[PDB]
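So you can see what is in the structure, the chains are spelled out below.
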There are 2 protein chains.
Amino acid sequence: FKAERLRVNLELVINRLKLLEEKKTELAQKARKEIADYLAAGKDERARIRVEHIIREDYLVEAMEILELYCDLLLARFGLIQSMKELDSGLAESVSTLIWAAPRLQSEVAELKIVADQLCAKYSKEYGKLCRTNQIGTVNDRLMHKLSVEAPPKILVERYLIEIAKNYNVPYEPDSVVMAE
Amino acid sequence: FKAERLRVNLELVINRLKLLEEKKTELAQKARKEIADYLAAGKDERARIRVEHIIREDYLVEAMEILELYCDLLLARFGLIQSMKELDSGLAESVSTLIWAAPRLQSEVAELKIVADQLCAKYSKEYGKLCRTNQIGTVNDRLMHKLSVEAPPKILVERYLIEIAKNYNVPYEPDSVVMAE
């Protein structure tokens, strides 16, 4: 298969990973001053949704870094496992997590479309329609938490609002039922 | 809200308070020599209207000093009550008097427009359209007298004319019905 198209794809993935990380950092700083505005100005719940979007983004940041490590370590053993024909256990975790998150990351990046195709084009043993679904069970559970879509515990969203109000110097009063939870 | 725009507004309020106090003092001295002229020259009633304007101005002077104390003491607890979210009783008198006199002082100063907006933007508990009207009932009654628009008792306007005629050495004869009243 097109393994150097795959490789330069990965390189662009890494480049855009860095770029998107940086851009989202920038706008996240602006948005944190903005959240200081919303919290300072009335609807802390509006700021609560804003910071929900932000903590979502931060889950994405952490997941981005984890998978950046994964694509880079897979890139290390390009020719080596390319000599092989099945995936090894040393890359089974990375491959499983990547295969699992790839559909979640299909939209975020178009290179990864080809990267996943070439992955599945690379293997059939524990690879394919369901065989790939069988081998993908070794996905990183930590990334899974960093890729879980949920409301954080309102004690923790309150703590994010508290540490924001700390860092950004607004008055925040958590809901004591949740501030105790 | 814009609490440092509010703060520098207050600073300009204080500056112009001092400035206007000084300017009105100057022209009031000139106008007192002028009132000595009118009293000396014929229409003491013309001088009576002039000194009515002046004693009005002096009510404004006294009110200015009272509220200058009020804005400065509120300025002392800027960050403190800013940490709070409702007005305290320690500032309830000042706030009520200020809220009450602010419409009377809307015209005198444009900063105070914002100061009153930010005040109402600061609070809703006993604040707002009528809730602010409810909490404003604690206005200074002494300032209220210094902000009451009325004719002074003609024994007292006669006494102002008498002590002017004393200080400015004109002949003044009060209306004995009022000079006895």
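Chain A appears in the PDB entry as IST1 homolog from Homo sapiens.

A. Geometry of the overall build of chain A. Scanning chain A from terminus to terminus reveals 9 helices and 0 strands. Counted from the first residue to the last, chain A has its helices and strands arranged as α-α-α-α-α-α-α-α-α. For 181 residues, the compact-globule formula gives about 16 Å, and the C-alpha radius of gyration of chain A, at 20 Å, lies well above that figure. For the C-alpha atoms alone, the extent of chain A along its principal axes is close to 60 × 30 × 20 Å. Nonlocal contacts in chain A, meaning residues at least 24 apart in sequence, comprise 71% of its contacts between residues at least 6 apart.

B. Focus on the packing of helix α2 (residues 44-76) of chain A against helix α4 (residues 92-105) of chain A. Residue and element names in this part refer to chain A. Interaxial distance between α2 and α4 falls to 10 Å at its minimum, and their mutual angle equals 130 degrees. Considering the angle they form, α2 stands oblique to α4. Seen along the crossing, α2 lies across α4 with a hand that is left-handed. Along the contact surface, α2 presents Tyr-70, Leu-73 and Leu-74, while α4 presents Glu-93, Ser-94, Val-95, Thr-97 and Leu-98. Here the residues of the contact of α2 with α4 sort into 5 nonpolar, 2 polar and 1 charged.

C. The pattern of salt bridges, seen in detail. Among the ionic pairs, B:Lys85 bridges to A:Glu173, the shortest N-O distance being 2.7 Å. Remark: A:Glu173 occurs in the loop between α8 (154-168) and α9 (176-180) and B:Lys85 occurs in the loop between α3 (78-83) and α4 (92-105); the pair is interchain, linking two chains. The partner of B:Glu57 in a salt bridge is B:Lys24, with the nearest N and O atoms 3.4 Å apart. You can see B:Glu57 sitting in helix α2 (residues 44-76) and its partner B:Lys24 sitting in helix α1 (residues 3-40), a full 33 residues away along the chain.

D. Focus on the side chain of B:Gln118. Residues and elements named next belong to chain B. Considering the arrangement of structural elements, one finds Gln-118 in helix α5 (residues 111-122). Side-chain polar atoms of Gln-118 contact the backbone oxygen of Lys-2, separated by 2.6 Å. Those residues in contact with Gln-118, other than ones at most four positions away along the chain, are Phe-1, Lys-2, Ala-3 and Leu-6.

E. Region of the structure containing the packing of helix α1 (residues 3-40) of chain A against α2(A). Residue and element names in this part refer to chain A. At a minimum axis distance of 10 Å, the contact between α1 and α2 shows a crossing angle of 160 degrees. Regarding the angle of α1 to α2, the classification is roughly antiparallel. The two elements α1 and α2 meet at a crossing, and its hand is left-handed. Partitioning the contact of α1 with α2 into residue classes produces 16 nonpolar, no polar and 12 charged.

F. Spatial organisation of the environment of A:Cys71. Along the polypeptide, A:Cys71 turns up in helix α2. A sequence separation of 25 residues divides A:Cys71 from A:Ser96, and the C-alpha atoms of the two residues are 12 Å apart.

G. Representation of α1(B). If you check α1(B), its first and last C-alpha atoms are 53 Å apart, about what 38 residues at 1.5 Å a residue would give, namely 56 Å. Just downstream of α1(B) lies B:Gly42, where phi reads positive at about 80 degrees.

H. Structural detail: unusual backbone geometry. One non-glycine residue, A:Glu126, lies in the positive phi region at around 60 degrees. Residue position: A:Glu126 is located in the loop between α5 (111-122) and α6 (131-135). The backbone phi angle of B:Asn169 is positive, close to 65 degrees, even though this residue is not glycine. Relative to the helices and strands, B:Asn169 resides in the loop between α8 (154-168) and α9 (176-180).

I. Up close: the environment of B:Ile164. Residue and element names in this part refer to chain B. Along the chain, the position of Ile-164 falls in helix α8. In the structure, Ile-164 is positioned 113 residues away from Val-51 in sequence and 9.7 Å away in space, judged by C-alpha atoms. The residues touching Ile-164, leaving out its near neighbours within four places in the chain, are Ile-35, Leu-39, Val-51 and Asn-169.

Conventions adopted
- Residues numbered from 1 in each chain as written, not as in the entry; some residues may be left out.
- Chains lettered and ligands numbered in written order.
- Part of a larger assembly, values for the part shown.
- Heavy atoms only, no water.
- Residues with missing side-chain atoms left out of burial classes, pairs and counts.
- Helix = DSSP H or I, 4+ residues; strand = E, 2+ residues; numbered from the N terminus.
- Rg over C-alpha atoms; globule rule 2.2 N^0.38 Å.
- Contact = heavy atoms within 4.5 Å.
- Axes fitted to C-alpha atoms, helices over the stretch in contact; angles between N-to-C directions.
- Parallel < 35°, antiparallel > 145°, perpendicular 65-115°, else oblique.
- Left-handed = near helix turned anticlockwise from the far one by under 90°.
- Nonpolar A, V, L, I, M, F, W, Y, C, P; charged D, E, K, R; others polar.
- Salt bridge = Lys/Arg side-chain N within 4 Å of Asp/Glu carboxyl O.
- Polar contact = N/O pair within 3.5 Å; in protein donor to acceptor, adjacent residues only side chain to side chain.
- Expected span 1.5 Å × (residues − 1).

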